[PDB]
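# Examination of the molecular architecture
Below, each chain spelled out in residue letters.
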Amino acid sequence: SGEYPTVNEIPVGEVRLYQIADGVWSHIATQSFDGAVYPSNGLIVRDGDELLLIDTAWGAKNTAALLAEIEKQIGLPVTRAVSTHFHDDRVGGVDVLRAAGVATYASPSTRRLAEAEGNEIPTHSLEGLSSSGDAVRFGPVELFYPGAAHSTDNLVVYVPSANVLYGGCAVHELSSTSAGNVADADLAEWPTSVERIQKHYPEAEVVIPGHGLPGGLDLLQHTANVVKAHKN
Ligand SMILES: C[C@@H](c1cccc2c(-c3ccc4c(c3)CNC4=O)c(C(=O)O)[nH]c12)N1C[C@]2(C[C@@H](CN)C2)OC1=O
Ligand SMILES: [Zn+2]
Ligand SMILES: [Zn+2]
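Residues numbered from 1 in each chain as written, not as in the entry; some residues may be left out. Chains lettered and ligands numbered in written order. Heavy atoms only, no water.

## Looking at the pattern of salt bridges
Our working rule: Each reported salt bridge corresponds to a side-chain nitrogen of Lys or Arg within 4 Å of a carboxyl oxygen of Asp or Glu. Buried, partly exposed and exposed residues are distinguished by accessible area as a fraction of the type maximum, computed with a 1.4 Å probe on protein chains only: under 20%, between the cut-offs, and over 50%, respectively. Runs of E in the DSSP output that reach at least two residues are strands. Runs of H or I that reach at least four are helices, and both are numbered from the N terminus.
Taken as a whole and judged by the stated rule, the model has six salt bridges. Between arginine 90 and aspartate 89 there is a salt bridge, and its shortest N-O distance comes to 2.9 Å. Like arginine 90, the residue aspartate 89 is buried in the burial classification. The salt bridge partner of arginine 98 is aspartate 95, with a shortest N-O separation of 2.6 Å. Placement of both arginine 98 and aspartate 95 in helix α3 (residues 94–99) is noted, with a separation of three residues, approximately one turn of the helix. Owing to a relative accessible area of 32%, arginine 98 belongs among the partly exposed residues under this scheme.

## Brief notes about the coordination of the zinc ion (ligand 2)
How we decide: Coordination shells were defined by N, O and S atoms within 2.8 Å of each metal, extended to 3.2 Å for Na, K and Ca; water is absent from the atom set, which can make sites look incomplete.
Those protein atoms acting as donors to the zinc ion (ligand 2) are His85 (NE2), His87 (ND1) and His150 (NE2), and they sit at 2.0 to 2.1 Å. Every donor residue of the zinc ion (ligand 2) comes from the same chain, spaced as H-x1-H-x62-H. Here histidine 85 falls in the buried class, since its relative accessible area comes to 1%.

## Regarding the packing of aromatic side chains
Heads up, the condition is: When two rings of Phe, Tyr or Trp (its six-membered ring) have centres within 6.5 Å they constitute a pair, described as stacked for plane angles under 30 degrees, edge-to-face for angles over 60, and tilted for the intermediate range.
Within the structure shown, the criterion is met by five aromatic pairs. Between the aromatic rings of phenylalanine 144 and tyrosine 201, the centroid separation amounts to 5.5 Å while the plane-to-plane angle is 80°, which identifies the pairing as edge-to-face. Separated by 57 residues along the polypeptide, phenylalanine 144 in strand β9 (residues 141–144) and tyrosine 201 in the loop between α5 (190–200) and β12 (206–209) bring together distant segments of the chain. Residue class for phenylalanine 144 comes out buried when judged on its relative accessible area of 1%. Put simply, the rings of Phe144, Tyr158 and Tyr201 pair up and form one aromatic cluster.

## Thoughts on the site of ligand 1
How we decide: We call a residue near a molecule or strand as soon as one heavy atom of that residue lies within 4 Å of the molecule or strand. Between N or O atoms, a polar contact is any pair within 3.5 Å; within protein, one atom must be a potential hydrogen donor and the other a potential acceptor, and residues adjacent in sequence are included only when both atoms are from side chains. Here the Shrake-Rupley method, with its probe set to 1.4 Å, supplies the accessible areas, and only the displayed protein chains count as covering residues. Polar here means any residue outside two lists: the nonpolar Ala, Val, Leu, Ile, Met, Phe, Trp, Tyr, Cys and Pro, and the charged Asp, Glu, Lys and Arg; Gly therefore counts as polar.
Surveying the vicinity of ligand 1 reveals 14 residues, the closest of which are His87, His150, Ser178, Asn181 and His211. A distance of 3.0 Å is found between an oxygen atom of ligand 1 and a side-chain nitrogen or oxygen belonging to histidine 87. Here ligand 1 has 690 Å² of accessible area as a free molecule, and 75% of this is covered by the chains. Tallied by class, residues from the shell around ligand 1 come to five nonpolar, seven polar and two charged.

## Quick look at the UniProt feature "binding site: Zn(2+) 4" (unreviewed entry) in the chain
Keep this limit in mind: UniProt positions are given in the numbering used here, feature names are shortened, and annotations may be inferred rather than shown by experiment. Any two residues whose heavy atoms approach within 4.5 Å are treated as being in contact.
The residues that UniProt annotates with the feature "binding site: Zn(2+) 4" (unreviewed entry) are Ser125 and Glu127. Checked against the element boundaries, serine 125 lands in strand β7 (residues 124–125). What makes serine 125 partly exposed here is its relative accessible area of 34%. Contacts of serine 125, omitting those with residues within four sequence positions, involve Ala106, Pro108 and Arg111. Taking the relative accessible area as the measure of exposure, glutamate 127 reaches 59% and is therefore exposed. Excluding anything up to four places from it in sequence, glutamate 127 contacts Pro108 and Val136.

## So, the coordination of the zinc ion (ligand 3)
Put simply, the rule is: By the criteria applied here, four donors are tetrahedral when all angles lie between 85 and 135 degrees, four are square planar and six octahedral when opposite donors are over 155 degrees apart and every other angle lies between 65 and 115, and any other arrangement is irregular.
Looking at the metal site, the zinc ion (ligand 3) is ligated by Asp89 (OD), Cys169 (SG) and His211 (NE2), spaced 2.2 to 2.4 Å from it. For the zinc ion (ligand 3), the four donor atoms in the first shell make angles of 82 to 160° at the metal, a pattern classed as irregular. All donors of the zinc ion (ligand 3) come from a single chain, and their spacing in sequence reads D-x79-C-x41-H. A separation of 3.6 Å is found between the zinc ion (ligand 3) and the zinc ion (ligand 2). Taken as a pair, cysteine 169 in the loop between β11 (164–168) and α5 and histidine 211 in the loop between β12 and α6 (218–231) lie far apart in primary sequence, 42 residues in all.

Okay, structure coming up:
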């Protein structure tokens, strides 16, 4: 009823959308992994009379449900998708998207890691993102590679029309005491990568983490704090 959705308000196997700004939504789904249930976010950005999708809904069935929820709530076709790193909460569902006619994209680093680890593989490579601080335009967003953080390949996404910063899993929610799933992380570089985000997007008004509730710019400093404390 208007609050940001959590696992407790998403019916089993379903997806919810949340309006972030004009022409910007997040998508929220839930998935089980190693015997625990987690929420995860993605982004939808209006691209004229089409939509750009950022990240899958963490699984094939969740991603089919995402497409159906978009059709119900928005009614414009998803034509392209970008996955912001190689983990299943970002690429699981790419096969569903590709068979629905969505063109799927990721950096070459993400594509290599997905292939090596047995995750679904976006079709198209995003060049121009291989050095920290790199940025490229992609429809109504800017894609930015901040450096290694949650993963070595993680990208962030900025919506300049709305000053929305989608940090993906490199950014944690304010209520998080934990640095999340750090299996593939670089804890030593993560604060430096967050500092690059902070420097590049000082006018961000909304910051969306890969999991949990959006907030403001404080999510960036909070993330650096929790990662340093985890490392400590
Ligand atoms: C698919 C993804 C994954 C699976 C399960 C939970 C999470 C979390 C995560 C978020 C937030 C909280 C926690 C956990 C705990 N409390 C939190 O608030 C994150 C994140 O932090 O983004 N991601 C997760 N995977 C798998 C894996 C392990 C690797 C193969 N051995 C691949 O790494 C990874 O991220
Ligand atoms: Zn991840
Ligand atoms: Zn994640």
